[PDB]
Amino acid sequence: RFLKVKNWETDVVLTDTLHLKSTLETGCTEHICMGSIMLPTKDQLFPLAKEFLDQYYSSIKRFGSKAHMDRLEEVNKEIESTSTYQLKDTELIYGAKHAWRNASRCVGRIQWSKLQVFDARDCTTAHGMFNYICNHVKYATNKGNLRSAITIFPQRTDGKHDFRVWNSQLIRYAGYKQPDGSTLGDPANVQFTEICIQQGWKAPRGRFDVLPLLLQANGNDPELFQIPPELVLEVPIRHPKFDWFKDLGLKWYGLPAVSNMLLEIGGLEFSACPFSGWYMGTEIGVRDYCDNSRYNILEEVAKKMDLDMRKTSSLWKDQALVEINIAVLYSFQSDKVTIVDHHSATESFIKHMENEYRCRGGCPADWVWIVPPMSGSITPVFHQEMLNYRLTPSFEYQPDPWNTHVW
Amino acid sequence: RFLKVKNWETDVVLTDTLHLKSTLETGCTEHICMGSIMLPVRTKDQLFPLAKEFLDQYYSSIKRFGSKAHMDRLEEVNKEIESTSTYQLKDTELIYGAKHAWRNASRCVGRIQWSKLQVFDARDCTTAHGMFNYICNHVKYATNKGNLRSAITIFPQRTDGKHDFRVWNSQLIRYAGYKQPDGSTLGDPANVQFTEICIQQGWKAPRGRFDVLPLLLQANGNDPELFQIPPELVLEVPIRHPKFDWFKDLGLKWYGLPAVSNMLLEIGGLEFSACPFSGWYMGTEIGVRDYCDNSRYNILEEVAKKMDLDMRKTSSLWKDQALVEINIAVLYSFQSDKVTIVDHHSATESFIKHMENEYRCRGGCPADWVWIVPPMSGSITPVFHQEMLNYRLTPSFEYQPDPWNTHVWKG
Ligand code: HEM
Ligand code: HEM
Ligand SMILES: C=NCc1cncc(OCc2ccc3ccc(N)nc3c2)c1
Ligand SMILES: C=NCc1cncc(OCc2ccc3ccc(N)nc3c2)c1
Ligand SMILES: C[C@H](O)[C@H](O)[C@H]1CNc2nc(N)[nH]c(=O)c2N1
Ligand SMILES: C[C@H](O)[C@H](O)[C@H]1CNc2nc(N)[nH]c(=O)c2N1
Ligand SMILES: [Zn+2]
């Protein structure tokens, strides 16, 4: 019930008490670990509201205060009447920052308290949403000096009036299926690029076409909007040693801005809550470029380096992978766009873990996601035992809108 | 209950019914996942259900479930337990048990080979000298002049836990570690504690960087004894790089035979506390972990210097770059000397096929993702994208405490 975690490279042992506050379920049982599975009303409402409000007022040294009790009273009265309730601005900000703080799969949580929260709860239309989103993008991008931000659209009411951003990220390249049988652009987005076309989009059918936004307000049909090109900061990808690298014609966008998740605070459900930080190099270099069901460029890069691709034991894929990742970092840095390498970020996370254990009693962490997709054991997180559990407020997964939307 | 797993690179979805035959606990609960935690005397009372369950499995596998041979064997074991508080396995049972323990080892990427395992029955052994002889033969047989063969040597089962056979080495072949008065470590830092024990027990240490450790063997619960593996039996490989000629000057070598000796084999409730087993190396065990862990030989810097990588900023990925070259050199060296080894791409690829085969033929394959995924280049191997269900089946290999922490000294 009081758990210890060991770092095996350093023998440091932390004691986790925070997990006893965990509420939601992991998917695992005593008979089975699902640690590597991708996705494992008024009486419902008030305890949830109460538990959140309890942690809020404790966090501001006002637990058991008149202001505390008043707010509990007040929210309880609002729930009784409206069947929902509204967060005070302060609570909204705490809630958001804490959803990040609790995101067990996030290696960048050391930055969690420095999140810019944009209250977009007065929004009523997709045009409105578009405006809020352009502002988020410009603010977050900041001419390459990235700043973390989240924009929070109105909370779910009766599930018929949901706000949803249909894109999985605010910025992402298109994916088209060729008669050739292959795939042009980003294969991860083939279906979404289709639904854009189905709903009107004029695709330039290229390899790196920034997708249009597909915005859904109040449960209405979603609408297309093109982000101002001048707001989409992109980095051309070159290598600091191989001049042929530029000829591969690769680029990536500076702003990772996840738009498809669900923010839960005090039982309230924010279906449209796009948030953004900045890239860890491997997200692009390892996953986006080298995953087989993505840009899958490994073969071509290797061939250009003239490595022995005959036997896998030449570790040519490994060599190419390293070089590709060197280039991603080199390009971003040269263009003064914020980026962190997998060594710095994992080392930062270890310090953060130690802070959370020391100041909060622990830190929920999903090893399967925290360890970078390359060079795993030469990063400190590899040797770090982690406890995974679900705290609230949280970011949750939610079904893709097209499978849901009552057209 | 049926459980599905998905490969997110291929969209293959498999169905697990095998987890239903799971008993032992995972460490996990509905409120906490302990999936990345490294480590999360038995009465006649608890012994017969364990025996029966095993014997039920064994006889299914040979398509004799419910036959008279099956029933009589259950009878015989039943009686033998109430009479002797334990029982003995038939040779067939031991062999089946050993293979299935490997097959059930959820952290082993090498399980495609599970059915081909040479079982050495050392249950007639009584003394440490007898142990040394058995081990020597294991080493010679498994080595096979570089053409490695999986083998396991099974010494006598636990009785009262007061007469245990134990191999005090974590591996049959492993390099000495020496702490120096200045804080630095000479040799393998992983073995400083065991090295010290050996030294105290009479071992004359050469005090070099790659001294092969002596066998420290415990028979029947008596104090352990030192034995030197004949050098001619210890196959080693000098490490060089195919393009880099300075690499040989790094003075590196490794032993060819990975032979794990500190685990406990459990079969039908019976506990085998000394069951050394051996296969062959996946290149990353040496090249990534043994050479490059900060707490091991830790050669990344020295290799990086020699490569003249930009080492001032970690965003140069000089570490990643040096790691790859070392792993290249490890594979090249072994292949050049015709010592069996497998790269992490081949091994993970084989594991996916094995695992699929296991779902089809067996209804599942327990697998520990945290361990299965290679410690370099994780996502460019197919296992990274594979969902896995982890659970514990018997027969199994279990951890046990280091014998020096539990041994009662005779003098
Ligand atoms: C500022 C620098 C940040 C860095 C370097 C970073 C890093 C990462 C990385 C590498 C992942 C793995 C994701 C993948 O492989 O697809 C991840 C996941 C995640 N991040 Fe962070 N992140 C940052 C900011 C943020 C912010 C601002 C938020 C929310 C306010 C956030 C919330 C999350 C969540 C919820 C996940 C897991 C999502 C899932 O379960 O699929 N991160 N992060
Ligand atoms: C024949 C070629 C084999 C290969 C390539 C192989 C590969 C591996 C690797 C790379 C590991 C992870 C090691 C680590 O990181 O510490 C492992 C773990 C393991 N292997 Fe295999 N193995 C082989 C044969 C065997 C055999 C013959 C047995 C037993 C009869 C076995 C049983 C196990 C067990 C029980 C573990 C888990 C160790 C633990 O929990 O600490 N393997 N294997
Ligand atoms: C697509 N992979 C699974 C998945 C599903 N749904 C959302 C996901 O987002 C990952 C994610 C989330 C937030 C991030 C913030 C910053 C950053 N650099 N990467 C980040 C990556 C990932
Ligand atoms: C010390 N490291 C953890 C550890 C503890 N106790 C036993 C271990 O065994 C690892 C292991 C076990 C069996 C193997 C068989 C073949 C192989 N190539 N590596 C293998 C590696 C590992
Ligand atoms: C099957 C496995 O759970 C899946 O591939 C996970 C593994 N770890 C990951 N880790 C990160 N950071 N991102 C991912 O998308 C994944 N995918
Ligand atoms: C904390 C963590 O469980 C520990 O470092 C694990 C990670 N995965 C591993 N995987 C393998 N194959 N071998 C190991 O020793 C480890 N160590
Ligand atoms: Zn688990």
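Every heavy atom of this structure was used, including side-chain atoms; hydrogens, water molecules and symmetry mates were not. Numbering of ligands and ligand atoms starts at 1, following listing order. Every chain is numbered from 1, with letters handed out A, B, ... down the list of sequences.
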Point-to-point distance, once rounded to the nearest 0.5 Å, from CD of A:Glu9 to OG1 of A:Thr379: 9.0 Å
Side-chain ion pair, B:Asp188 and B:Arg296, N-O less than 4.0 Å: yes
By the definition side chain to side chain contact (heavy atoms under 4.5 Å, CB included), identify the one residue from A:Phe395, A:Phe118, A:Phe270 that meets it with A:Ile150. A:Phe395
To the nearest 0.5 Å, how far apart are CD in B:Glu387 and CD1 in A:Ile37? 4.0 Å
Do A:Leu211 and A:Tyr173 come within less than 4.5 Å of each other through their side chains, counting heavy atoms only? no
Could you list the residues that satisfy ring pair (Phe, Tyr, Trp, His ring centres under 6.0 Å) with B:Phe194, not counting sequence neighbours? none
Taking the side chain from A:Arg147 and the backbone from A:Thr141, do they hold a donor-acceptor pair closer than 3.5 Å? no
Mutual orientation of the aromatic rings belonging to B:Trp254 and B:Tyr297 [parallel < 30°, tilted 30-60°, perpendicular > 60°]: perpendicular
Is A:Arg101 salt-bridged to A:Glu356, cutoff N-O under 4.0 Å? yes
Atom NE2 in A:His19, atom OG1 in B:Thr29: separation rounded to 0.5 Å? 8.0 Å
Is A:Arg172 positioned over the aromatic face of A:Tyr253, cation under 6.0 angstrom from the ring centre and no more than 45 degrees off axis? no
Measure from NZ or CZ of A:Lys6 to the centre of the six-membered ring of A:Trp8 and say whether it is under 6.0 Å with the direction within 45° of the ring axis. yes
Stepwise side-chain hydrogen bond (donor to acceptor under 3.5 Å, both in side chains) test for B:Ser315 and A:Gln333: CA-CA 10 Å; B:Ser315 62; A:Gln333 280 162 154; 3.2 Å; yes
Anything with a heavy atom under 4.0 Å from ligand 6 counts, so go ahead and list those protein residues by chain and number. A:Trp367, A:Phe382, A:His383, A:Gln384, A:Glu385, B:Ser36, B:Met38, B:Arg289, B:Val370, B:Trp371
At distances under 2.8 Å, what protein N, O or S atoms surround the Zn ion (ligand 7)? A:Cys28 SG, A:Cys33 SG, B:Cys28 SG, B:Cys33 SG
Those protein residues which place at least one heavy atom below 4.0 Å from ligand 3: A:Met38, A:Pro256, A:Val258, A:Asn260, A:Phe275, A:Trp278, A:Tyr279, A:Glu283, A:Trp369, A:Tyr397
